[PDB]
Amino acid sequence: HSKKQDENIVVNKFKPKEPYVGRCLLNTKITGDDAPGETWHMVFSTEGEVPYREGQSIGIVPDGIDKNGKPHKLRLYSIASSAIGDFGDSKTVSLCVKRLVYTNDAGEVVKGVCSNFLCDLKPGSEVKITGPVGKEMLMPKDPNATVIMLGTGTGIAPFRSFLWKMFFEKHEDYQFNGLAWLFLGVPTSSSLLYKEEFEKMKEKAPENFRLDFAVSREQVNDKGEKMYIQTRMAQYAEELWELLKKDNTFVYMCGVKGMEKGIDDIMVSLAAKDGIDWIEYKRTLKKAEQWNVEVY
């Protein structure tokens, strides 16, 4: 009855207390040295035992006794690789991890537990993997659907997963001949994630893939305003709106919890011009599986 690729979905094969123990193959900082906060791309071995699809997540159990004397609870991460993985052997999973480092209003430099465990992982070391988890951020069954994707920072992950299966891979029962559109919002150029891969896709399928970046510190619009994901979206407002009125249009949103706000601000302008209340309409879209959000 569903409109998304949930044919034989596997959810929760591995549990938090009995997780799959994998090993780190690769792990690379994919952001410039001058960027605000480092992000790492890491590839894990699964020997094919974690049957995830595009847009799912895996939980990681970080090594260590916690500040009470018991094992850490898991932390969820969107799967940054495709079903068949970065190597295409269907034996790997990949993650897009921001190293959480902040300084608290008590003066101390605080390092987030799991993200630092992940960004400090060496090839060969063991990683505890759970899941996979998720059903909300699955690809649309329809290979001719309009797939609008909006991400900020590590929130790019499920879209990288999406797009790899769309343009980088050949599949018998899937031949993408729709329109895929990515809006990726970051602060600096050095904070761009996977730009190279996306660029390659654009010139490989100019008819089927559209790519807009939004670099808030370095870019500006006609009113001289900072380029956030919605500021860039605004530039195609009337066009984006038109696609949303179509029943084969699937929107996905992923990243910082705050991102959801500005987009709505832009969507009010749009829908009001056509006499519709956006918040009211969003509900129709959600229940029709067309507006899809996973923010954190």
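All residue numbers are counted from 1 along the displayed sequence.
Once the C-alpha B-factors are averaged per stretch, 167-175 and 129-137 rank with 167-175 first.
Look at the C-alpha B-factors of 118-126 and of 67-75. On average they run higher in 67-75. In the deposited coordinates, the residue among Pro206, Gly185, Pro158, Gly112 with the greatest CA B-factor is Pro206.
Of the candidates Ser94, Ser191, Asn104, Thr152, the deposited coordinates give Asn104 the top C-alpha B factor. Among the modelled residues of its chain, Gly275 has a C-alpha B-factor that falls in the highest third, as given in the PDB entry. Ranked by C-alpha B-factor against the other modelled residues of its chain, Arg210 falls in the middle third. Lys98 sits in the lowest third of its chain by CA B factor, as recorded in the PDB entry.
In the deposited entry, the Cα temperature factor of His41 sits in the bottom third of values across the chain's modelled residues. Among the modelled residues of its chain, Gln235 has a C-alpha B-factor that falls in the middle third according to the deposited record.
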